[PDB]
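Next comes just one chain, in structure tokens: the form deposited in one PDB entry.
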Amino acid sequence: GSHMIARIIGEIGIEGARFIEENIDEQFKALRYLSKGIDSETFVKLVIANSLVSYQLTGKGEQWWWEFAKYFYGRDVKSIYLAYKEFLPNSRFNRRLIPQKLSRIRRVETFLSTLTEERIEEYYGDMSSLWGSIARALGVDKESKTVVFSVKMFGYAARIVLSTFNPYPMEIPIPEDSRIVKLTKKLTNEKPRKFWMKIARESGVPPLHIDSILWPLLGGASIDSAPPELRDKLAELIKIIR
């Protein structure tokens, strides 16, 4: 139940989430690669834009983020919109709903142009405000999956280029979608937002850091490289969620 899950997640902690994020998560790896091949402001803008079109894919997330990272390394990007107009139709892993996706990028372009290095620093220290402002630029609910995910991926990009760590805000919930609905149904009849927000508050681990832990473990990523105590806690979580 929620109490046992929260206890184990609390023992894993933000420290354990950060371990998975920085050592195992393939989207973090892809971002690290791209961060060496393009200026840091363009990098962050691209990561947000990419997140906002990361729905209803034609591949797995890890394939898609690596396609993005390898595509943009070394490129000279002016307009994010024009870059995606060329990139998406020729991609392998994001071929559906392209006109809709391109229009989202066009709509957020002005907001992205505000992301100087300093503004990125400010948002990394106040990710709740970034969350609301991305949603407002798009005219959408900040609770929506791709807006939440754009904050998550912003957080990865900012950690890399700013070489500092701020935890995700507790108030930003896990991205809601078919895979969290399916996992949660195995565990409980409670609705996912309420369930995971309760677990986050009880464990002290913000929902987006919980998100980092869940998917590699469910997907069979090896936990063997974790030190013995963390490894034990990750093994216990696998017993609950897989």
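Start at 1 and count along the sequence shown; that's the residue number. Take the two forms, superpose them, and find the largest set of C-alpha atoms that agree within 1.5 Å; that set is the rigid core.
Exercise for the section: State which stretch shows the higher mean Cα B factor in the entry: 77 to 85 or 131 to 139. Expected result: Going by the record's values, the stretch with the higher mean is 77 to 85.
Practice task
Would you mind comparing 163 to 171 and 86 to 94 for me and telling me which has the higher average C-alpha temperature factor in the entry?
Solution key: Here the higher of the two C-alpha B-factor means belongs to 86 to 94.
Problem - Maximum C-alpha temperature factor, selected from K185, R32, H209, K70 - result: In this record, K185 carries the highest C-alpha B-factor of the candidates.
Problem - Criterion, highest CA B-factor; candidates, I24, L230, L218, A17 - result: Across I24, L230, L218, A17, the entry lists the biggest C-alpha B-factor for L218.
Handout entry: Relative C-alpha B-factor of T116, binned into the chain's lowest, middle or highest third
Key = According to the entry, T116 has a C-alpha B-factor in the chain's middle third.
Practice task
Going by the recorded CA B-factors, say which third of the chain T58 sits in, lowest, middle or highest.
Solution key: Ranked within chain, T58 CA B lands in the highest tercile.
Exercise for the section: Would you mind checking where the Cα B-factor of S51 ranks among the modelled residues of its chain, as the lowest, middle or highest third? Expected result: Lowest third - that is where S51 ends up once the chain's C-alpha B-factors are sorted.
Practice task
Please rank the C-alpha B-factors of the chain's modelled residues and tell me whether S150 sits in the lowest, middle or highest third.
Solution key: Ranked within chain, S150 CA B lands in the lowest tercile.
Problem - Relative C-alpha B-factor of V44, binned into the chain's lowest, middle or highest third - result: It falls in the bottom third of the chain.
Another form exists, deposited in another entry; not displayed. Remarks below refer to it.
Practice task
Superpose on the rigid core, then report which one of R179, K70, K36, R201 has a CA displacement of at least 2 angstroms between the shown form and the other one.
Solution key: Among the listed residues, the one whose C-alpha moves by 2 Å or more is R179.
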